[PDB]
Amino acid sequence: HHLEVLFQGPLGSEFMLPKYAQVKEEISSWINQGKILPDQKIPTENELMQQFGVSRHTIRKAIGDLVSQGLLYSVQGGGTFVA
Amino acid sequence: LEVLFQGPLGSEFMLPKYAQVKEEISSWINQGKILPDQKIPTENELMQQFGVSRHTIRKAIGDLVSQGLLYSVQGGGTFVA
DNA sequence: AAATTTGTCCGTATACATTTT
DNA sequence: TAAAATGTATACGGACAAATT
């Protein structure tokens, strides 16, 4: 019964994607609407966590996934960037 | 190296929790209180008796399997190598 | 069967290490 | 130089997945 995110139990079609996946969708949206152009910086990990209201590890999980599929690349001490 | 309780003239340190668990388990083995192919206490038992999280237990045990002191069988249990 | 037990996923918190800037 | 930003380590919690017993 894949946990995902659940607001409530009863009836229907059930509930939301995990937090990190929601974050993934948002970031990937920024890239694919071109609000963030190739080689440009995404708002940082700290910033991201303050705006999304999630842990740094949730942010890092989303970003890491997006790096693995090659949409982002990150530079230690530098920042994170559009691929 | 990682832990403390902060006081003057120096700083008081202790091993991280998982390290303490490691020492305990490995001492059980090296004193022969547990013999090859015998199972150690379950991760659940260990967390309840040591008062730490299942991940602290799993971390210690993981380090001890990497050394070949232990081996675990999923659904089976954990054993002295 | 179905309960135990170990394995992995998801989420949170704090501290410190490593590089850039 | 330090500050900032990413990386890894140490904890904790809950829920689910997989294989044994």
# chains A, B, ... in the order shown; residues from 1 in each chain; ligands from 1
$ closest_atom_pairs --of "chain C" --to "stretch 56-78 of chain B" --cutoff "12 Å" --atoms "only C-alpha atoms (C1' of nucleotides)" --output "Markdown table"
| residue | atom | partner | partner_atom | distance |
| --- | --- | --- | --- | --- |
| C:3 | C1' | B:75 | CA | 10.7 |
| C:4 | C1' | B:75 | CA | 6.7 |
| C:5 | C1' | B:75 | CA | 4.4 |
| C:6 | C1' | B:74 | CA | 4.4 |
| C:7 | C1' | B:74 | CA | 7.2 |
$ write_last_selection --atoms "N, CA, C and O atoms (P, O5', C5', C4', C3', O3' and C1' of nucleotides)" --output "PDB file, in the first residue's frame"
ATOM      1  P    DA C   3      -0.909 -12.374  11.931  1.00  0.00           P
ATOM      2  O5'  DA C   3       0.199 -12.357  13.086  1.00  0.00           O
ATOM      3  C5'  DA C   3       0.406 -13.536  13.853  1.00  0.00           C
ATOM      4  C4'  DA C   3       1.886 -13.808  14.043  1.00  0.00           C
ATOM      5  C3'  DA C   3       2.697 -12.585  14.449  1.00  0.00           C
ATOM      6  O3'  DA C   3       3.700 -12.972  15.389  1.00  0.00           O
ATOM      7  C1'  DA C   3       3.570 -13.459  12.449  1.00  0.00           C
ATOM      8  P    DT C   4       4.450 -11.861  16.278  1.00  0.00           P
ATOM      9  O5'  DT C   4       5.799 -11.590  15.472  1.00  0.00           O
ATOM     10  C5'  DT C   4       6.212 -12.556  14.526  1.00  0.00           C
ATOM     11  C4'  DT C   4       7.641 -12.986  14.757  1.00  0.00           C
ATOM     12  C3'  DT C   4       8.590 -11.902  15.245  1.00  0.00           C
ATOM     13  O3'  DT C   4       9.779 -12.514  15.745  1.00  0.00           O
ATOM     14  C1'  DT C   4       8.851 -12.237  12.911  1.00  0.00           C
ATOM     15  P    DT C   5      11.021 -11.611  16.225  1.00  0.00           P
ATOM     16  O5'  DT C   5      11.760 -11.228  14.859  1.00  0.00           O
ATOM     17  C5'  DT C   5      12.583 -12.214  14.249  1.00  0.00           C
ATOM     18  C4'  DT C   5      13.247 -11.626  13.023  1.00  0.00           C
ATOM     19  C3'  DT C   5      13.970 -10.307  13.284  1.00  0.00           C
ATOM     20  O3'  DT C   5      15.374 -10.507  13.080  1.00  0.00           O
ATOM     21  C1'  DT C   5      12.590 -10.217  11.299  1.00  0.00           C
ATOM     22  P    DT C   6      16.376  -9.250  13.031  1.00  0.00           P
ATOM     23  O5'  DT C   6      16.446  -8.887  11.471  1.00  0.00           O
ATOM     24  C5'  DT C   6      17.103  -9.795  10.585  1.00  0.00           C
ATOM     25  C4'  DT C   6      16.929  -9.376   9.131  1.00  0.00           C
ATOM     26  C3'  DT C   6      17.675  -8.114   8.710  1.00  0.00           C
ATOM     27  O3'  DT C   6      18.064  -8.276   7.356  1.00  0.00           O
ATOM     28  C1'  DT C   6      15.424  -7.808   8.328  1.00  0.00           C
ATOM     29  P    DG C   7      19.119  -7.264   6.687  1.00  0.00           P
ATOM     30  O5'  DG C   7      18.221  -6.422   5.663  1.00  0.00           O
ATOM     31  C5'  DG C   7      17.531  -7.112   4.638  1.00  0.00           C
ATOM     32  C4'  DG C   7      16.907  -6.158   3.628  1.00  0.00           C
ATOM     33  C3'  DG C   7      17.655  -4.846   3.403  1.00  0.00           C
ATOM     34  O3'  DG C   7      17.574  -4.490   2.025  1.00  0.00           O
ATOM     35  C1'  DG C   7      15.472  -4.387   4.153  1.00  0.00           C
TER      36       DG C   7
END
$ interface_residues --of "chain C" --to "chain A" --cutoff "12 Å" --atoms "only C-alpha atoms (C1' of nucleotides)" --output "list in words"
residues 9, 10, 11, 12, 13, 14, 17, 18, 19, 20 and 21 of chain C
$ closest_atom_pairs --of "chain D" --to "chain A" --cutoff "12 Å" --atoms "only C-alpha atoms (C1' of nucleotides)" --output "JSON lines"
{"residue": "D:3", "atom": "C1'", "partner": "A:77", "partner_atom": "CA", "distance": 10.5}
{"residue": "D:4", "atom": "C1'", "partner": "A:77", "partner_atom": "CA", "distance": 7.2}
{"residue": "D:5", "atom": "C1'", "partner": "A:77", "partner_atom": "CA", "distance": 4.4}
{"residue": "D:6", "atom": "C1'", "partner": "A:76", "partner_atom": "CA", "distance": 4.3}
{"residue": "D:7", "atom": "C1'", "partner": "A:76", "partner_atom": "CA", "distance": 7.2}
{"residue": "D:8", "atom": "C1'", "partner": "A:57", "partner_atom": "CA", "distance": 11.8}
{"residue": "D:14", "atom": "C1'", "partner": "A:3", "partner_atom": "CA", "distance": 10.1}
{"residue": "D:15", "atom": "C1'", "partner": "A:3", "partner_atom": "CA", "distance": 6.5}
{"residue": "D:16", "atom": "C1'", "partner": "A:2", "partner_atom": "CA", "distance": 6.4}
{"residue": "D:17", "atom": "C1'", "partner": "A:2", "partner_atom": "CA", "distance": 9.2}
$ select_by_dssp --residues "stretch 4-73 of chain B" --states "alpha helix (DSSP H)" --output "ChimeraX atom specification"
/B:17-30,43-50,54-66
$ atom_distance --atom1 "atom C1' of residue D:10" --atom2 "atom CA of residue B:52"
12.4 Å
$ interface_residues --of "chain D" --to "chain B" --cutoff "10 Å" --atoms "only C-alpha atoms (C1' of nucleotides)" --output "PyMOL selection string"
chain D and resi 9-13+18-21
$ residues_around --residues "stretch 31-42 of chain A" --least-positions-apart "4" --cutoff "10 Å" --atoms "only C-alpha atoms (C1' of nucleotides)" --output "PyMOL selection string"
chain A and resi 25-27+47-48+71-74+78-83
$ atom_distance --atom1 "atom CA of residue B:31" --atom2 "atom CA of residue B:12"
29.2 Å
$ decode --residues "stretch 2-21 of chain C" --atoms "N, CA, C and O atoms (P, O5', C5', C4', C3', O3' and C1' of nucleotides)" --output "mmCIF file, in the first residue's frame"
data_model
loop_
_atom_site.group_PDB
_atom_site.id
_atom_site.type_symbol
_atom_site.label_atom_id
_atom_site.label_comp_id
_atom_site.auth_asym_id
_atom_site.auth_seq_id
_atom_site.Cartn_x
_atom_site.Cartn_y
_atom_site.Cartn_z
ATOM 1 P P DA C 2 -4.516 -15.479 7.372
ATOM 2 O "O5'" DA C 2 -3.266 -15.165 8.318
ATOM 3 C "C5'" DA C 2 -3.013 -15.985 9.443
ATOM 4 C "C4'" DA C 2 -1.672 -15.618 10.043
ATOM 5 C "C3'" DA C 2 -1.361 -14.125 10.039
ATOM 6 O "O3'" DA C 2 -0.709 -13.814 11.253
ATOM 7 C "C1'" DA C 2 0.389 -15.261 9.063
ATOM 8 P P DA C 3 -0.909 -12.374 11.931
ATOM 9 O "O5'" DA C 3 0.199 -12.357 13.086
ATOM 10 C "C5'" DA C 3 0.406 -13.536 13.853
ATOM 11 C "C4'" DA C 3 1.886 -13.808 14.043
ATOM 12 C "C3'" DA C 3 2.697 -12.585 14.449
ATOM 13 O "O3'" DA C 3 3.700 -12.972 15.389
ATOM 14 C "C1'" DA C 3 3.570 -13.459 12.449
ATOM 15 P P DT C 4 4.450 -11.861 16.278
ATOM 16 O "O5'" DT C 4 5.799 -11.590 15.472
ATOM 17 C "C5'" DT C 4 6.212 -12.556 14.526
ATOM 18 C "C4'" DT C 4 7.641 -12.986 14.757
ATOM 19 C "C3'" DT C 4 8.590 -11.902 15.245
ATOM 20 O "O3'" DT C 4 9.779 -12.514 15.745
ATOM 21 C "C1'" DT C 4 8.851 -12.237 12.911
ATOM 22 P P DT C 5 11.021 -11.611 16.225
ATOM 23 O "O5'" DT C 5 11.760 -11.228 14.859
ATOM 24 C "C5'" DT C 5 12.583 -12.214 14.249
ATOM 25 C "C4'" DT C 5 13.247 -11.626 13.023
ATOM 26 C "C3'" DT C 5 13.970 -10.307 13.284
ATOM 27 O "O3'" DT C 5 15.374 -10.507 13.080
ATOM 28 C "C1'" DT C 5 12.590 -10.217 11.299
ATOM 29 P P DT C 6 16.376 -9.250 13.031
ATOM 30 O "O5'" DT C 6 16.446 -8.887 11.471
ATOM 31 C "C5'" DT C 6 17.103 -9.795 10.585
ATOM 32 C "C4'" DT C 6 16.929 -9.376 9.131
ATOM 33 C "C3'" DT C 6 17.675 -8.114 8.710
ATOM 34 O "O3'" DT C 6 18.064 -8.276 7.356
ATOM 35 C "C1'" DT C 6 15.424 -7.808 8.328
ATOM 36 P P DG C 7 19.119 -7.264 6.687
ATOM 37 O "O5'" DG C 7 18.221 -6.422 5.663
ATOM 38 C "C5'" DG C 7 17.531 -7.112 4.638
ATOM 39 C "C4'" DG C 7 16.907 -6.158 3.628
ATOM 40 C "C3'" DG C 7 17.655 -4.846 3.403
ATOM 41 O "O3'" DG C 7 17.574 -4.490 2.025
ATOM 42 C "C1'" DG C 7 15.472 -4.387 4.153
ATOM 43 P P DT C 8 18.394 -3.223 1.467
ATOM 44 O "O5'" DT C 8 17.252 -2.146 1.170
ATOM 45 C "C5'" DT C 8 16.114 -2.579 0.457
ATOM 46 C "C4'" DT C 8 15.035 -1.519 0.466
ATOM 47 C "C3'" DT C 8 15.510 -0.103 0.167
ATOM 48 O "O3'" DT C 8 14.589 0.404 -0.784
ATOM 49 C "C1'" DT C 8 14.171 -0.092 2.070
ATOM 50 P P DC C 9 14.871 1.798 -1.530
ATOM 51 O "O5'" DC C 9 13.703 2.748 -0.987
ATOM 52 C "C5'" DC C 9 12.347 2.387 -1.218
ATOM 53 C "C4'" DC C 9 11.431 3.352 -0.501
ATOM 54 C "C3'" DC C 9 11.782 4.829 -0.687
ATOM 55 O "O3'" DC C 9 10.643 5.493 -1.225
ATOM 56 C "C1'" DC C 9 11.401 4.325 1.603
ATOM 57 P P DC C 10 10.749 7.016 -1.728
ATOM 58 O "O5'" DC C 10 10.361 7.857 -0.429
ATOM 59 C "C5'" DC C 10 9.025 7.653 0.025
ATOM 60 C "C4'" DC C 10 8.831 8.284 1.386
ATOM 61 C "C3'" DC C 10 9.293 9.738 1.468
ATOM 62 O "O3'" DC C 10 8.189 10.551 1.805
ATOM 63 C "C1'" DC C 10 10.006 8.470 3.332
ATOM 64 P P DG C 11 8.242 12.134 1.547
ATOM 65 O "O5'" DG C 11 8.915 12.708 2.877
ATOM 66 C "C5'" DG C 11 8.031 13.000 3.950
ATOM 67 C "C4'" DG C 11 8.786 13.171 5.242
ATOM 68 C "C3'" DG C 11 9.752 14.344 5.285
ATOM 69 O "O3'" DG C 11 9.075 15.485 5.776
ATOM 70 C "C1'" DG C 11 10.497 12.394 6.466
ATOM 71 P P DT C 12 9.855 16.873 5.955
ATOM 72 O "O5'" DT C 12 10.528 16.738 7.403
ATOM 73 C "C5'" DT C 12 9.718 16.547 8.555
ATOM 74 C "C4'" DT C 12 10.636 16.333 9.736
ATOM 75 C "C3'" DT C 12 11.716 17.399 9.837
ATOM 76 O "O3'" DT C 12 11.385 18.385 10.799
ATOM 77 C "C1'" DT C 12 12.576 15.175 10.221
ATOM 78 P P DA C 13 12.260 19.727 10.899
ATOM 79 O "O5'" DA C 13 12.848 19.681 12.389
ATOM 80 C "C5'" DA C 13 13.276 18.438 12.933
ATOM 81 C "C4'" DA C 13 14.585 18.511 13.704
ATOM 82 C "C3'" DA C 13 15.501 19.684 13.352
ATOM 83 O "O3'" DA C 13 15.836 20.454 14.501
ATOM 84 C "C1'" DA C 13 16.663 17.577 13.117
ATOM 85 P P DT C 14 16.918 21.642 14.391
ATOM 86 O "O5'" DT C 14 18.322 20.907 14.628
ATOM 87 C "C5'" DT C 14 18.627 20.258 15.854
ATOM 88 C "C4'" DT C 14 20.084 19.817 15.857
ATOM 89 C "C3'" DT C 14 21.104 20.925 15.586
ATOM 90 O "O3'" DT C 14 22.163 20.866 16.539
ATOM 91 C "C1'" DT C 14 21.502 19.099 14.156
ATOM 92 P P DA C 15 23.223 22.070 16.646
ATOM 93 O "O5'" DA C 15 24.619 21.376 16.261
ATOM 94 C "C5'" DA C 15 24.792 19.971 16.425
ATOM 95 C "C4'" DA C 15 26.020 19.434 15.697
ATOM 96 C "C3'" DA C 15 27.119 20.443 15.362
ATOM 97 O "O3'" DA C 15 28.383 19.918 15.778
ATOM 98 C "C1'" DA C 15 26.521 19.205 13.419
ATOM 99 P P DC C 16 29.697 20.850 15.773
ATOM 100 O "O5'" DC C 16 30.533 20.310 14.522
ATOM 101 C "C5'" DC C 16 30.849 18.929 14.446
ATOM 102 C "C4'" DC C 16 31.195 18.549 13.020
ATOM 103 C "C3'" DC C 16 32.327 19.359 12.392
ATOM 104 O "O3'" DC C 16 33.176 18.448 11.697
ATOM 105 C "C1'" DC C 16 30.494 19.381 10.978
ATOM 106 P P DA C 17 34.639 18.904 11.219
ATOM 107 O "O5'" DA C 17 34.650 18.546 9.661
ATOM 108 C "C5'" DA C 17 33.941 17.398 9.211
ATOM 109 C "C4'" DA C 17 34.205 17.148 7.737
ATOM 110 C "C3'" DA C 17 35.497 17.731 7.200
ATOM 111 O "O3'" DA C 17 35.799 16.981 6.032
ATOM 112 C "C1'" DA C 17 33.685 18.935 6.304
ATOM 113 P P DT C 18 37.135 17.278 5.196
ATOM 114 O "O5'" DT C 18 36.593 17.953 3.856
ATOM 115 C "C5'" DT C 18 35.451 17.383 3.232
ATOM 116 C "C4'" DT C 18 35.126 18.160 1.978
ATOM 117 C "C3'" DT C 18 36.342 18.821 1.341
ATOM 118 O "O3'" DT C 18 36.254 18.587 -0.068
ATOM 119 C "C1'" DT C 18 34.683 20.451 1.820
ATOM 120 P P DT C 19 37.542 18.776 -1.008
ATOM 121 O "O5'" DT C 19 37.081 19.901 -2.034
ATOM 122 C "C5'" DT C 19 36.342 20.958 -1.474
ATOM 123 C "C4'" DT C 19 35.479 21.630 -2.506
ATOM 124 C "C3'" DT C 19 36.240 22.639 -3.349
ATOM 125 O "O3'" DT C 19 35.746 22.593 -4.689
ATOM 126 C "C1'" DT C 19 34.685 23.750 -1.874
ATOM 127 P P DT C 20 36.383 23.539 -5.820
ATOM 128 O "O5'" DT C 20 35.197 24.549 -6.162
ATOM 129 C "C5'" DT C 20 34.903 25.501 -5.162
ATOM 130 C "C4'" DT C 20 33.590 26.191 -5.415
ATOM 131 C "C3'" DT C 20 33.708 27.442 -6.259
ATOM 132 O "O3'" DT C 20 32.406 27.832 -6.675
ATOM 133 C "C1'" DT C 20 33.598 27.995 -3.950
ATOM 134 P P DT C 21 32.220 28.969 -7.798
ATOM 135 O "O5'" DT C 21 32.104 30.316 -6.946
ATOM 136 C "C5'" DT C 21 31.298 30.338 -5.778
ATOM 137 C "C4'" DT C 21 31.238 31.754 -5.248
ATOM 138 C "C3'" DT C 21 31.903 32.761 -6.178
ATOM 139 O "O3'" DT C 21 31.047 33.883 -6.361
ATOM 140 C "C1'" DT C 21 32.891 32.853 -4.010
#
